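Numbers here are sequence positions counted from 1.
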Amino acid sequence: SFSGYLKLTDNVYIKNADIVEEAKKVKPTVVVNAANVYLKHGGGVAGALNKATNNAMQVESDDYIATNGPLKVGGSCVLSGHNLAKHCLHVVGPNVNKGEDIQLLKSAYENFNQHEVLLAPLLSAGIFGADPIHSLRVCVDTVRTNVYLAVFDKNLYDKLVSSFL
């Protein structure tokens, strides 16, 4: 199971880890991807998860978009986890760098409540441009299921833990 996580709340855990390496080790039921509405996994967590699947995540995602159209910002879809997890929950947090409503971050985290346990990144953090301290706060105040957060950056991980209220 999940090892080396710091317990933040009853249901939220956090670790300074590469989510790809974490997924390959744990092979969780659900790994969350920091997706965009088009499921174009170019960079950040999405690009790293997709590269770990040898682009199988992108091929599956393009078929999903061809059939269903784009996701909504704040929405999600469940696809295969490929070699990383049983499932991948592709969740679209608002991208502040594309001028999207930061208020949609709570809606994005609500998708996690449909899964009893998840390995996840902080939504809208990194290249999505939101404040990761705010993302962690919304996560703890929205997600009720067991979420194991992987924070890639050590310095950000330390700042998140040391400032956690």
Side-chain angles (χ1 to χ4, degrees), residues 1-36 39 41-61 64 71 74-93 105-128 130-165:
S1 72
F2 292 94
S3 71
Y5 285 77
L6 172 70
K7 185 166 177 63
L8 296 178
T9 72
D10 179 58
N11 63 299
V12 180
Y13 293 82
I14 195 163
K15 188 184 177 176
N16 172 33
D18 179 334
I19 193 173
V20 168
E21 289 315 304
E22 200 62 18
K24 289 173 177 183
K25 171 150 199 57
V26 174
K27 294 180 199 174
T29 303
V30 178
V31 64
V32 174
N33 180 31
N36 54 52
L39 303 183
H41 311 303
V45 169
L49 292 175
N50 178 57
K51 178 179 168 205
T53 74
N54 186 42
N55 210 51
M57 177 181 286
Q58 190 64 67
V59 167
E60 178 197 30
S61 295
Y64 173 91
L71 278 69
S76 71
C77 70
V78 178
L79 292 173
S80 178
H82 300 277
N83 56 316
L84 302 177
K86 176 167 188 190
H87 299 296
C88 178
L89 178 70
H90 294 272
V91 180
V92 185
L105 185 54
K106 188 172 182 74
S107 302
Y109 273 115
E110 289 169 344
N111 293 286
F112 287 27
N113 292 322
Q114 301 293 319
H115 299 280
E116 285 187 351
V117 61
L118 315 90
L119 167 62
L122 284 169
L123 298 179
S124 297
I127 69 175
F128 281 59
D131 178 357
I133 294 181
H134 175 60
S135 186
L136 178 54
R137 174 43 46 198
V138 177
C139 179
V140 298
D141 291 346
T142 307
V143 185
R144 296 177 303 280
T145 56
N146 297 320
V147 60
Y148 288 84
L149 297 168
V151 176
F152 182 66
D153 198 86
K154 178 247 193 220
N155 293 320
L156 173 57
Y157 171 82
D158 288 347
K159 180 168 164 55
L160 285 166
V161 171
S162 68
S163 63
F164 183 65
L165 195 35

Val147 side chain near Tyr109 side chain, heavy-atom distance below 4.5 Å: no
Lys7 atom NZ: more than 12 heavy-atom contacts under 6.0 Å: yes
Spatial distance of atom CG (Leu84) from atom CD (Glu21) [nearest 0.5 Å]: 9.5 Å
Trace of the side-chain contact (heavy atoms from CB on, under 4.5 Å) decision for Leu49 with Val20: CA-CA 6 Å; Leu49 292 175; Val20 168; 4.0 Å; yes
Beyond-backbone contact of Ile14 with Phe164, side-chain heavy atoms, under 4.5 angstrom: no
Heavy-atom side-chain contact between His115 and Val78 under 4.5 Å: yes
Donor-acceptor under 3.5 Å (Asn83 side chain, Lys24 main chain): no
Smallest separation among heavy atoms of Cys88 and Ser80, with atom names: CB-O, 3.4 Å
Minimum side-chain heavy-atom gap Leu160-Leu122 below 4.5 Å: yes
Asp131 to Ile133 - nearest heavy-atom pair and separation: OD1-N, 3.0 Å
Nearest atoms (heavy-atom pairs only) where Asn50 meets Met57: OD1-CB, 3.4 Å
Closest contact, heavy atoms only, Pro121 versus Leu149: O-CD2, 3.9 Å
Neighbour count >12 (heavy atoms, 6.0 Å) for atom OH, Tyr157: yes
Spacing of NZ belonging to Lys106 relative to OG belonging to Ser135, to within rounding of 0.5 Å: 12.0 Å
Straight-line distance of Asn146 CG to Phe112 CZ, nearest 0.5 Å: 12.5 Å
Whether over 12 other heavy atoms sit under 6.0 Å from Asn54 CG: no
Of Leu89, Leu119, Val45, the residue whose pairing with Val31 passes side chain to side chain contact (heavy atoms under 4.5 Å, CB included): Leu119
Residue pair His134, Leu105: steps toward the side-chain contact (heavy atoms from CB on, under 4.5 Å) verdict: CA-CA 10 Å; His134 175 60; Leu105 185 54; 4.0 Å; yes
Exam field: side chain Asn111 to backbone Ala108, donor-acceptor pair closer than 3.5 Å: yes
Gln58 side chain vs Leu39 backbone, donor-acceptor pair below 3.5 Å: yes
Ring geometry between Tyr148 and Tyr13 (parallel below 30°, tilted from 30 to 60°, perpendicular above 60°): parallel
With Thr9 via side-chain hydrogen bond (donor to acceptor under 3.5 Å, both in side chains) - residues at least two apart: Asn11
Spatial distance of atom NE2 (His82) from atom CD (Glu60) [nearest 0.5 Å]: 3.5 Å
Which atom of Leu71 lies closest to which atom of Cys77, heavy atoms considered: CD2-N, 3.8 Å
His90 vs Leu79 side-chain heavy atoms within contact, under 4.5 Å: yes
Closest non-hydrogen atom pair, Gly43 against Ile127: C-CD1, 3.7 Å
Distance (rounded to the nearest 0.5 Å) between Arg144 CZ and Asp10 CG: 12.5 Å
Gap separating the CG atom of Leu136 from the CG atom of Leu123, nearest 0.5 angstrom: 11.0 Å
Heavy atoms of other groups near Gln114 CD, more than 12 under 6.0 Å: no
